[PDB]
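Next up: a single chain in structure tokens, the form deposited in one PDB entry.
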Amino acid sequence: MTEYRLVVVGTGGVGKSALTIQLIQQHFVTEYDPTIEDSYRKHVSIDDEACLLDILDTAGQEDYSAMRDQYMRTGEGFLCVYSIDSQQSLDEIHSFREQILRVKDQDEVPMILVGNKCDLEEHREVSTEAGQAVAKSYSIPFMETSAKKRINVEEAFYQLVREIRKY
């Protein structure tokens, strides 16, 4: 069957790991256990095609940027995650994209922009519009997600597989 290697990137604390564990294990990680690097494997069916997903969960903290560089290099597509309560997490997305394109040595790489923590409406400071504006500037799909409420979790990983399929 077809294997897809998906990498989750974005700054520290935005919910990378929680989104991964929702996808893999259908439960919400309430603790913040910061990642250096973890990987997971799941067999799924996407558009009635047999798939194997390899998910690389990477460190968002800046002190680990070089380890992240190395682990990213086997990725085929990327989830670029910010959180809607943090404009700084969105502003850092530009640098994550840049790092992705440099490590893959390509002008375009399958990737989707993910504004996580959308259940935190009381804390929102990035509008859906503002997220959609960043994705539009890079010609990539956009989705708001919630690891806590299970909103668009499967959707975001599966759409990334569809981005990889057309690459």
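Heads up, when I say rigid core I mean the largest set of C-alphas that superpose within 1.5 Å between the two forms. Residues that one form lacks are left out of the comparison. Position 1 is the first residue in the sequence shown; the rest follow in order.
Relative to one another, 120-128 and 31-39 have unequal mean CA B-factors, and 120-128 is the one with the higher figure.
The question of which stretch, 43-51 or 97-105, has the higher mean Cα B factor is settled in favour of 43-51. When the C-alpha B-factors of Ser137, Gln70, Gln26, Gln61 are ranked from the entry, the top spot goes to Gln26.
In the PDB entry, a CA B factor belonging to the highest third of its chain's modelled residues is recorded for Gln22. In the PDB entry, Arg150 places in the highest third of its chain by CA B-factor. For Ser86, the recorded CA temperature factor ranks within the lowest third of the chain's modelled residues. Among the modelled residues of the chain, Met1 sits in the highest third by CA temperature factor in this PDB entry.
The same protein also exists as the form deposited in another entry; that form is not shown, yet it is the one meant from here on.
Only one of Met67, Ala130, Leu120, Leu101 has its C-alpha shifted by 2 Å or more between this form and the one not shown once the core is superposed, and that residue is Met67. Relative to this conformation, an increase of 3 Å or more in the Cα-Cα distance between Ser65 and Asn116 is found in the other form. In contrast to the form presented, in the other form the C-alpha positions of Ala130 and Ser65 spread farther apart by 3 Å or more. By the rule of 2 Å per CA over three or more consecutive residues, the rigid core superposition between this form and the one not shown yields one shifted run, at 60-71.
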